[PDB]
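Asks: Below you'll find the sequence and an experimental structure to go with it.
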Amino acid sequence: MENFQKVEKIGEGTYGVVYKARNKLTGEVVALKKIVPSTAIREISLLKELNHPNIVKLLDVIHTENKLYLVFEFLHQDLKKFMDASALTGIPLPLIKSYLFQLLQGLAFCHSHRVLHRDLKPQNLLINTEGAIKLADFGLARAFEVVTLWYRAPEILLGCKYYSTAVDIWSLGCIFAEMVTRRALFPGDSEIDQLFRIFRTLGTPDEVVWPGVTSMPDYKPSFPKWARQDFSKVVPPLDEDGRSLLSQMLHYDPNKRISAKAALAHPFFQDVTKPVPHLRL
Ligand SMILES: O=C(Nc1ccc(F)cc1)c1n[nH]cc1NC(=O)c1c(F)cccc1F
């Protein structure tokens, strides 16, 4: 730690405390995350390689005195605070669209290298004054105070052990709908409550929409059978392009669910721009 001065506690991460810190030598301000098996060492080292404009840059990995610290480029806000701050009027749609597009870019990159996030949520989406948004804590999940289930894909909730990059698309779809409506899509407060909120909005899945569902580990023939709601009721006043895209990001069957790369080609992004957010630091 010596080479750093903790300027302040930024928050209580999943894997430990987060500090804003200044490199006593380089002068650079940074995010310092306190988290040791060699596997965790090997995973995090891979992470140093996947550099992308929409991934929070992992500056350094300090394994000293059998402790683990990750050093990340610092950004001044996350999407959760910005949403609360924009509750009154909502985030403008052009900004929502730009955030969605850049996030999809980040995902398409990670996914092309077979790296999933697994835990997307507005808290780990960081933004700057220049209109950029970045995925934070990418890959930390494989490598390793209630954790939110609100963005969890249903195949995870159903006990699927070998899930795909589709889980991140699902989470990002949930975040998309939340930006638009200013309300969490599926605010579950247990794994069953989470699952059943999903069922209530999208319909109880069956073998028609999701072949193999009924054979999943935690699936029960006894689940109530709810009817799917219509999306126009779910995310007004998102336009038809947005709704089409959202519906594809929220497909039950992970194999039907749109990829990040395919989502980038959707006509919703036909008119994408890069607006600057007004944020007060
Ligand atoms: O937290 C960060 N920035 C930030 C600063 C002030 C805020 F109000 C808000 C945000 C940050 N900058 N760079 C990386 C960061 N955070 C993470 O990587 C991170 C983490 F280590 C653990 C959990 C969530 C994270 F986003």
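Replies: Looks like it came in fine. Numbers count the residues shown, from 1 in each chain.
Asks: Next, the contact list for whichever residue of the stretch 151-281 of the chain sits closest to the ligand, please.
Replies: The ligand sits closest to residue 281 of the stretch 151-281 of the chain, with a gap of 8.3 Å, by Cβ to the nearest ligand atom. Yep, even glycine has a C-beta here, placed from its N, CA and C like the rest. For residue 281, the contact set (Cβ atoms under 8 Å, 6 or more residues apart in numbering) comprises 76, 77, 129.
Asks: Apply 7 Å and report the result again.
Replies: When contacts are counted by Cβ atoms under 7 Å, 6 or more residues apart in numbering, residue 281 touches residue 76.
Asks: contact partners of stretch 1-16?
Replies: 17-25, 31-35, 69, 140, 144-145, 147.
Asks: Just the buried residues of those residues.
Replies: The neighbour-count test (16 or more other Cβ atoms under 10 Å) marks 18-23, 31-35, 69, 140 as buried among the contacts of stretch 1-16.
Asks: Alongside the ligand, which residues does the stretch 1-150 of the chain contribute?
Replies: Within the stretch 1-150 of the chain, the positions near the ligand by Cβ under 6 Å from any ligand atom are 10, 13, 18, 31, 33, 56, 72-78, 81, 123-124, 126, 136-137.
Asks: measure residue 142 to residue 96 for me?
Replies: 29 Å (Cβ to Cβ, to the nearest Å).
Asks: Between those two, tell me which one has more neighbours.
Replies: Taking neighbours as other Cβ atoms under 10 Å, residue 142 and residue 96 compare with residue 96 leading, 20 against 16.
Asks: Just give the nearest non-adjacent residue to that one, would you?
Replies: In space, and not counting its chain neighbours, residue 96 is closest to residue 179: 4.7 Å by Cβ to Cβ, 6 or more residues apart in numbering.
Asks: For that neighbour, which residues are in contact?
Replies: 83, 91, 96.
Asks: backbone phi and psi for it, please?
Replies: phi -60, psi -50 (degrees, to the nearest 10).
Asks: same deal with residue 61?
Replies: Backbone torsions of residue 61, given as degrees, to the nearest 10, read phi -120, psi 110.
Asks: The closest residue to it other than its chain neighbours: which element?
Replies: Leaving aside its sequence neighbours, residue 61 sits nearest to residue 44 (Cβ to Cβ, 6+ apart; 5.3 Å). Secondary structure from DSSP states H and E places residue 44 in helix 38-47.
Asks: before we move on, what about residue 103?
Replies: Applying DSSP H and E, one finds residue 103 within helix 93-112.
Asks: distance between that helix and the chain's centre?
Replies: 11 Å (Cα atoms, centre = their mean, to the nearest Å).
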